[PDB]
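Colleague: Sharing a structure below in structure tokens format, with a few things to ask.
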4 protein chains.
Amino acid sequence: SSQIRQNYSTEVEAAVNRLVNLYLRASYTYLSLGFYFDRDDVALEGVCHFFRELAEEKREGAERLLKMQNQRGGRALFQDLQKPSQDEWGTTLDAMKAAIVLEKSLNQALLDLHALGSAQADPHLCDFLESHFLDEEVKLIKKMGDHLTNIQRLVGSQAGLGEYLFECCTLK
Amino acid sequence: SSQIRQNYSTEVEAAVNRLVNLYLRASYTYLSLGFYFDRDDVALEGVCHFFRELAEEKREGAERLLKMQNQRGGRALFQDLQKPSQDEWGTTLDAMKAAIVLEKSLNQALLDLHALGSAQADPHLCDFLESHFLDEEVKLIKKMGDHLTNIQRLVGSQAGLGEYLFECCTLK
Amino acid sequence: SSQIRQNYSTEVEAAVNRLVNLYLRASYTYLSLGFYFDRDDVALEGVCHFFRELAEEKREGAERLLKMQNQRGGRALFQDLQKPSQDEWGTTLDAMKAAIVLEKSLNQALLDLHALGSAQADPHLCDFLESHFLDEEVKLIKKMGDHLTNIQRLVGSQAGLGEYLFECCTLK
Amino acid sequence: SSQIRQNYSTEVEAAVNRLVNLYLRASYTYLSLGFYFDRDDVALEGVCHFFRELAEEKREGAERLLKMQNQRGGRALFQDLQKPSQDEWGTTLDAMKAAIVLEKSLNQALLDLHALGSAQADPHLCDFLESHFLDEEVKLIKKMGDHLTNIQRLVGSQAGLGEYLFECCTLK
Ligand SMILES: [Au+]
Ligand SMILES: [Au+]
Ligand SMILES: [Au+]
Ligand SMILES: [Au+]
Ligand SMILES: [Au+]
Ligand SMILES: [Au+]
Ligand SMILES: [Au+]
Ligand SMILES: [Au+]
Ligand SMILES: [Au+]
Ligand SMILES: [Au+]
Ligand SMILES: [Au+]
Ligand SMILES: [Au+]
Ligand SMILES: [Au+]
Ligand SMILES: [Au+]
Ligand SMILES: [Au+]
Ligand SMILES: [Au+]
Ligand SMILES: [Au+]
Ligand SMILES: [Au+]
Ligand SMILES: [Au+]
Ligand SMILES: [Au+]
Ligand SMILES: [Au+]
Ligand SMILES: [Au+]
Ligand SMILES: [Au+]
Ligand SMILES: [Au+]
Ligand SMILES: [Au+]
Ligand SMILES: [Au+]
Ligand SMILES: [Au+]
Ligand SMILES: [Au+]
Ligand SMILES: [Cl-]
Ligand SMILES: [Cl-]
Ligand SMILES: [Cl-]
Ligand SMILES: [Cl-]
Ligand SMILES: [Cl-]
Ligand SMILES: [Cl-]
Ligand SMILES: [Cl-]
Ligand SMILES: [Cl-]
Ligand SMILES: [Cl-]
Ligand SMILES: [Cl-]
Ligand SMILES: [Cl-]
Ligand SMILES: [Cl-]
């Protein structure tokens with residue numbers, strides 16, 4: 001019943017709905033990661049807050065995709081949201097590894113949707129991914145890689161803790 | 001691995017996890033209702049915004065339950081989130097009916113959790129439901145009932161539209 | 001006599017001049033639509049103002065294309081501007097239909113210019129259309145589709161008028 | 001000589017006086033814990049300040065119970081206050097363990113007073129415990145559990161210190 005649809009393939013429409021699922025699944029993973037770190041026997045509030053903010057960001061990405069689906073005259077379709085892959089998330093290092101794997105999977109999904117958009121000659125879709133997704137994901141993955149290295153440094157050794165503290169207490 | 005748990009039954013712990021599922025399912029229903037009203041062939045932005053706000057409120061209720069689960073030393077466990085019951089939501093009247101049915105089901109779930117809390121002599125749980133849930137649900141259901149009556153009045157007849165307009169344009 | 005031209009095909013240069021014509025023709029259509037709604041026997045000032053603003057937006061798009069033509073070292077060439085397709089525009093519904101047809105034709109022209117830019121390996125042109133045209137057109141076409149649905153709802157029936165008024169007077 | 005007493009059992013009146021004793025005993029324990037940490041050979045001022053604030057909070061709880069005793073027309077009766085269980089409090093971990101044991105004992109006393117209030121059909125008493133005691137105790141016990149885990153993490157190992165520092169210096 002759309003009167004607006006133009007140059008918007010059914011292939012991209014379906015891929016957008018799948019990507020909304022993937023972003024909401026990611027948001028739900030981050031909600032689980034955050035509340036795990038809020039447990040009294042884990043009790044790292046900053047890590048809870050880090051993942052709570054990422055749950056928000058992933059929800060917001062899904063909402064942006066849904067708004068765009070309607071802007072193009074496609075039909076938002078929702079599927080079941082699978083529960084996160086784990087119920088307990090181990091150490092901060094374990095959790096940050098799981099997060100980077102998750103973000104890499106979203107980034108690959110964005111790249112696959114660009115490939116589809118390019119094959120379907122859909123420049124509005126490409127511009128949309130560029131405006132709101134591709135560089136956001138690269139920045140977040142770089143931050144997570146930085147965090148993995150610093151966690152690895154801090155937990156690994158005296159030299160590494162000392163080097164971290166110098167950066168923080170003398171330079172910053 | 002909790003060192004804090006006191007007077008918190010495994011029955012309530014499990015019921016709280018189920019209620020988190022129900023609230024997140026409700027939030028996901030409201031996300032679908034809102035984006036339906038944002039379709040170009042439906043195009044009632046105020047109804048989209050009404051349900052978008054309720055998606056937020058239901059998410060927030062789930063997050064409050066999860067925070068409380070950790071405060072009591074229970075273990076948050078997440079399950080799959082089923083997709084909403086419909087993909088298209090009909091008219092504003094259809095949608096507001098579906099919303100009141102949904103809110104009634106959450107209210108009954110809250111009342112069942114009070115019954116369990118009372119049976120388990122858990123006054124902190126009871127106080128928690130009173131502080132953040134029971135009156136919030138009654139207020140929202142009353143608002144929805146008011147909206148059902150006004151939608152029914154507006155769509156039904158000339159007399160009803162005229163009466164609505166008098167309230168709005170002469171009295172308010 | 002340009003000393004700046006680089007990677008700018010004669011094909012794109014010509015297509016840009018044609019697109020300036022199409023945008024100025026659109027602006028002139030909107031000027032006619034707006035003054036039609038200002039007639040004393042039509043007298044819908046809000047519809048006049050809506051189309052007056054679109055006349056401005058289409059002029060501004062043409063001016064942006066002309067600035068870009070000079071930035072690239074092409075030569076702006078102007079042709080005659082044909083008068084709008086009608087002298088009287090019927091009802092608000094008739095007019096909004098004509099507007100969406102017009103905007104669709106501009107959007108297809110933008111997509112055709114992207115195809116040409118891609119074939120000519122001209123990424124500055126592609127970036128220019130993305131920055132200032134493609135999403136602007138999709139947003140405007142979605143707004144127009146929303147308006148068509150609401151006009152259709154309002155003129156069509158009691159149920160539809162009532163539903164519109166609920167959104168506006170109770171929710172907004 | 002009360003002219004106001006209504007629905008206030010002698011059982012609850014006595015239990016309230018006992019609970020005032022328990023809260024003042026707790027306040028006195030916290031005063032001893034705080035000044036222990038202020039010793040020059042212990043010298044952890046933040047731990048002194050943490051327990052000094054809890055001494056204040058426990059005094060304030062006792063004063064609230066006494067105000068309520070008079071509001072209901074019962075008679076405040078004071079007994080001797082026993083000295084705290086230890087004269088020296090060991091390490092921060094030892095002290096935080098002793099504190100959580102203390103708070104658990106107050107929480108159980110509050111739950112026992114709810115049981116008595118419910119048996120005596122005294123809803124004002126129940127509302128009073130809900131308003132000012134039950135959730136305050138759960139929040140404080142959760143904070144103490146968080147602190148036990150972080151102390152245990154910090155004192156236990158290199159990995160644990162590193163993880164703590166990451167939360168604090170990189171995330172917070
Ligand atoms: Au969290
Ligand atoms: Au947090
Ligand atoms: Au692309
Ligand atoms: Au593309
Ligand atoms: Au630092
Ligand atoms: Au530092
Ligand atoms: Au520092
Ligand atoms: Au919405
Ligand atoms: Au909305
Ligand atoms: Au209850
Ligand atoms: Au209860
Ligand atoms: Au009104
Ligand atoms: Au009104
Ligand atoms: Au009015
Ligand atoms: Au006008
Ligand atoms: Au006007
Ligand atoms: Au292009
Ligand atoms: Au290009
Ligand atoms: Au309105
Ligand atoms: Au209105
Ligand atoms: Au109104
Ligand atoms: Au002190
Ligand atoms: Au102190
Ligand atoms: Au009670
Ligand atoms: Au009671
Ligand atoms: Au810190
Ligand atoms: Au720190
Ligand atoms: Au720091
Ligand atoms: Cl969280
Ligand atoms: Cl299903
Ligand atoms: Cl493309
Ligand atoms: Cl929404
Ligand atoms: Cl499963
Ligand atoms: Cl109870
Ligand atoms: Cl005009
Ligand atoms: Cl000529
Ligand atoms: Cl290109
Ligand atoms: Cl002190
Ligand atoms: Cl004595
Ligand atoms: Cl009672």
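Letters A, B, ... go to the chains of the structure tokens in the order shown; residues in each chain start at 1; ligands are counted from 1 in the same order.
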Could you make a table, as a tab-separated table, of the residues of chain B that have an atom within 6 Å of an atom of chain C, each with its nearest atom pair and distance in Å to one decimal, counting only C-alpha atoms, in chain and number order?
Modeller:
```
residue	atom	partner	partner_atom	distance
B:40	CA	C:146	CA	4.7
B:41	CA	C:149	CA	5.7
B:43	CA	C:146	CA	5.1
B:46	CA	C:167	CA	5.3
B:154	CA	C:162	CA	4.4
B:155	CA	C:159	CA	4.1
```
Colleague: Quick one: pick out all alpha helix (DSSP H) residues within chain B from a backbone DSSP run and write them as a ChimeraX atom specification.
Modeller: /B:10-37,45-72,92-119,123-129,135-156,158-165
Colleague: I'd like the neighbourhood of region 56-65 of chain C as a PyMOL selection string, where a residue qualifies if any of its atoms comes within 10 Å (using only C-alpha atoms), though same-chain residues fewer than 2 positions away should be ignored.
Modeller: chain C and resi 16-17+19-31+51-54+67-71+76+103+106+128-129+132-133
Colleague: Export N, CA and C atoms of the chosen residues as a PDB file, in the first residue's frame?
Modeller:
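The resulting out.pdb:
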```pdb
ATOM      1  N   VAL C  16      24.223  17.695 -15.595  1.00  0.00           N
ATOM      2  CA  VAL C  16      24.022  18.644 -14.510  1.00  0.00           C
ATOM      3  C   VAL C  16      23.200  19.837 -15.020  1.00  0.00           C
ATOM      4  N   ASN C  17      23.534  20.338 -16.220  1.00  0.00           N
ATOM      5  CA  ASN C  17      22.733  21.441 -16.747  1.00  0.00           C
ATOM      6  C   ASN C  17      21.269  21.005 -16.928  1.00  0.00           C
ATOM      7  N   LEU C  19      19.699  18.767 -15.217  1.00  0.00           N
ATOM      8  CA  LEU C  19      19.076  18.645 -13.901  1.00  0.00           C
ATOM      9  C   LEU C  19      18.745  20.019 -13.315  1.00  0.00           C
ATOM     10  N   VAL C  20      19.588  21.037 -13.580  1.00  0.00           N
ATOM     11  CA  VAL C  20      19.250  22.393 -13.149  1.00  0.00           C
ATOM     12  C   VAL C  20      17.917  22.783 -13.798  1.00  0.00           C
ATOM     13  N   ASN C  21      17.756  22.517 -15.099  1.00  0.00           N
ATOM     14  CA  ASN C  21      16.491  22.829 -15.753  1.00  0.00           C
ATOM     15  C   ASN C  21      15.336  22.134 -15.017  1.00  0.00           C
ATOM     16  N   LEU C  22      15.502  20.832 -14.729  1.00  0.00           N
ATOM     17  CA  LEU C  22      14.410  20.097 -14.107  1.00  0.00           C
ATOM     18  C   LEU C  22      14.076  20.686 -12.732  1.00  0.00           C
ATOM     19  N   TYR C  23      15.104  21.064 -11.950  1.00  0.00           N
ATOM     20  CA  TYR C  23      14.814  21.651 -10.637  1.00  0.00           C
ATOM     21  C   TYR C  23      14.146  23.026 -10.751  1.00  0.00           C
ATOM     22  N   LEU C  24      14.576  23.837 -11.723  1.00  0.00           N
ATOM     23  CA  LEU C  24      13.910  25.131 -11.853  1.00  0.00           C
ATOM     24  C   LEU C  24      12.487  24.958 -12.387  1.00  0.00           C
ATOM     25  N   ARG C  25      12.263  23.976 -13.257  1.00  0.00           N
ATOM     26  CA  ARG C  25      10.893  23.688 -13.718  1.00  0.00           C
ATOM     27  C   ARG C  25      10.043  23.285 -12.514  1.00  0.00           C
ATOM     28  N   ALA C  26      10.635  22.494 -11.593  1.00  0.00           N
ATOM     29  CA  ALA C  26       9.877  22.052 -10.430  1.00  0.00           C
ATOM     30  C   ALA C  26       9.540  23.240  -9.546  1.00  0.00           C
ATOM     31  N   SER C  27      10.519  24.113  -9.329  1.00  0.00           N
ATOM     32  CA  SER C  27      10.293  25.312  -8.529  1.00  0.00           C
ATOM     33  C   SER C  27       9.133  26.103  -9.143  1.00  0.00           C
ATOM     34  N   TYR C  28       9.118  26.213 -10.473  1.00  0.00           N
ATOM     35  CA  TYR C  28       8.066  27.007 -11.125  1.00  0.00           C
ATOM     36  C   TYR C  28       6.703  26.318 -10.978  1.00  0.00           C
ATOM     37  N   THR C  29       6.679  24.984 -11.042  1.00  0.00           N
ATOM     38  CA  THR C  29       5.446  24.236 -10.750  1.00  0.00           C
ATOM     39  C   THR C  29       4.944  24.555  -9.342  1.00  0.00           C
ATOM     40  N   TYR C  30       5.864  24.563  -8.368  1.00  0.00           N
ATOM     41  CA  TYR C  30       5.435  24.820  -6.989  1.00  0.00           C
ATOM     42  C   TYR C  30       4.944  26.253  -6.814  1.00  0.00           C
ATOM     43  N   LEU C  31       5.507  27.201  -7.541  1.00  0.00           N
ATOM     44  CA  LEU C  31       5.021  28.585  -7.457  1.00  0.00           C
ATOM     45  C   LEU C  31       3.562  28.634  -7.939  1.00  0.00           C
ATOM     46  N   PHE C  51       3.549  24.655  -0.536  1.00  0.00           N
ATOM     47  CA  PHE C  51       4.151  24.680  -1.882  1.00  0.00           C
ATOM     48  C   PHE C  51       5.088  25.871  -2.084  1.00  0.00           C
ATOM     49  N   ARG C  52       4.830  27.013  -1.436  1.00  0.00           N
ATOM     50  CA  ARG C  52       5.800  28.114  -1.569  1.00  0.00           C
ATOM     51  C   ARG C  52       7.168  27.710  -1.035  1.00  0.00           C
ATOM     52  N   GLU C  53       7.184  26.974   0.106  1.00  0.00           N
ATOM     53  CA  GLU C  53       8.451  26.534   0.666  1.00  0.00           C
ATOM     54  C   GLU C  53       9.118  25.536  -0.289  1.00  0.00           C
ATOM     55  N   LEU C  54       8.331  24.651  -0.912  1.00  0.00           N
ATOM     56  CA  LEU C  54       8.951  23.709  -1.849  1.00  0.00           C
ATOM     57  C   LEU C  54       9.477  24.451  -3.082  1.00  0.00           C
ATOM     58  N   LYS C  67      26.408  25.996  -8.472  1.00  0.00           N
ATOM     59  CA  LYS C  67      27.646  26.251  -7.759  1.00  0.00           C
ATOM     60  C   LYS C  67      28.598  25.079  -7.996  1.00  0.00           C
ATOM     61  N   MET C  68      28.068  23.846  -7.924  1.00  0.00           N
ATOM     62  CA  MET C  68      28.941  22.683  -8.127  1.00  0.00           C
ATOM     63  C   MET C  68      29.497  22.612  -9.557  1.00  0.00           C
ATOM     64  N   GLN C  69      28.679  22.954 -10.554  1.00  0.00           N
ATOM     65  CA  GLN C  69      29.115  22.989 -11.936  1.00  0.00           C
ATOM     66  C   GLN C  69      30.358  23.887 -12.057  1.00  0.00           C
ATOM     67  N   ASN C  70      30.294  25.069 -11.435  1.00  0.00           N
ATOM     68  CA  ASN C  70      31.436  25.990 -11.481  1.00  0.00           C
ATOM     69  C   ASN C  70      32.593  25.434 -10.645  1.00  0.00           C
ATOM     70  N   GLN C  71      32.294  24.807  -9.506  1.00  0.00           N
ATOM     71  CA  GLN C  71      33.401  24.263  -8.707  1.00  0.00           C
ATOM     72  C   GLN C  71      34.204  23.254  -9.517  1.00  0.00           C
ATOM     73  N   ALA C  76      27.888  26.355 -16.843  1.00  0.00           N
ATOM     74  CA  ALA C  76      26.439  26.428 -16.681  1.00  0.00           C
ATOM     75  C   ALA C  76      25.821  26.935 -17.970  1.00  0.00           C
ATOM     76  N   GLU C 103       8.137  14.946  -7.456  1.00  0.00           N
ATOM     77  CA  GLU C 103       9.331  14.636  -6.684  1.00  0.00           C
ATOM     78  C   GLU C 103       9.899  13.290  -7.143  1.00  0.00           C
ATOM     79  N   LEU C 106      12.096  13.909 -10.046  1.00  0.00           N
ATOM     80  CA  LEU C 106      13.394  14.479  -9.708  1.00  0.00           C
ATOM     81  C   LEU C 106      14.282  13.382  -9.108  1.00  0.00           C
ATOM     82  N   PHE C 128      28.457  14.477  -3.854  1.00  0.00           N
ATOM     83  CA  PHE C 128      27.630  15.671  -3.868  1.00  0.00           C
ATOM     84  C   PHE C 128      26.133  15.314  -3.843  1.00  0.00           C
ATOM     85  N   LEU C 129      25.745  14.310  -4.622  1.00  0.00           N
ATOM     86  CA  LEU C 129      24.337  13.929  -4.640  1.00  0.00           C
ATOM     87  C   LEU C 129      23.946  13.344  -3.286  1.00  0.00           C
ATOM     88  N   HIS C 132      23.546  16.264  -0.543  1.00  0.00           N
ATOM     89  CA  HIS C 132      22.558  17.315  -0.599  1.00  0.00           C
ATOM     90  C   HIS C 132      21.244  16.933  -1.257  1.00  0.00           C
ATOM     91  N   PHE C 133      21.168  15.752  -1.880  1.00  0.00           N
ATOM     92  CA  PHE C 133      19.994  15.444  -2.696  1.00  0.00           C
ATOM     93  C   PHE C 133      19.299  14.128  -2.328  1.00  0.00           C
TER      94      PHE C 133
END
```
Colleague: Counting only C-alpha atoms and all ligand atoms, what residues are within 9 Å of ligand 31, given as JSON, numbers by chain?
Modeller: {"A": [114, 117, 118, 119, 120, 121, 122, 123, 124, 125, 126, 127], "C": [114, 115, 118]}
Colleague: Return as a ChimeraX atom specification the residues of protein, DNA or RNA that approach ligand 30 to within 10 Å, with only C-alpha atoms and all ligand atoms taken into account.
Modeller: /A:78-81 /B:82-85
Colleague: Write a file of the just-selected residues containing C-alpha atoms, as a compact mmCIF listing (two decimals), in the first residue's frame.
Modeller:
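Saved file selection-v1.txt follows:
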```txt
# COMPACT_ATOMS: atom_id res chain seq x y z
CA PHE A 78 10.06 -8.54 13.17
CA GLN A 79 11.23 -12.02 14.04
CA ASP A 80 11.93 -13.75 17.32
CA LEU A 81 15.01 -12.44 19.12
CA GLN B 82 9.17 -14.02 20.95
CA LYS B 83 8.14 -11.71 18.11
CA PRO B 84 4.91 -9.70 18.53
CA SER B 85 1.59 -11.33 17.86
```
Colleague: Between CA of residue 75 (chain D) and CA of residue 3 (chain D), what is the spacing in Å?
Modeller: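 Value for the CA of residue 3 (chain D)-CA of residue 75 (chain D) distance: 12.6 Å.
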Colleague: One number please: CA of residue 152 (chain B) to CA of residue 91 (chain B), in Å, one decimal.
Modeller: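 Going from CA of residue 152 (chain B) over to CA of residue 91 (chain B) covers 11.3 Å.
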Colleague: Might you pull out every residue within 8 Å of residue 48 (chain A), with only C-alpha atoms counted and same-chain residues fewer than 2 positions away left off, and present them as a list in words?
Modeller: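 The residues satisfying every condition are residues 33, 34, 35, 36, 37, 38, 44, 45, 46, 50, 51 and 52 of chain A.
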Colleague: Tell me, as a list in words, which residues lie within 10 Å of residue 4 (chain D), counting only C-alpha atoms; anything in the same chain fewer than 3 positions away does not count.
Modeller: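 Neighbouring residues, sequence-local ones excluded: residues 1, 7, 8, 70, 71, 72, 73 and 74 of chain D.
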Colleague: For ligand 34, which of D:107, D:139, D:131, D:116 is the closest residue, counting only C-alpha atoms and all ligand atoms?
Modeller: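 Of all the options, D:116 lies closest to ligand 34.
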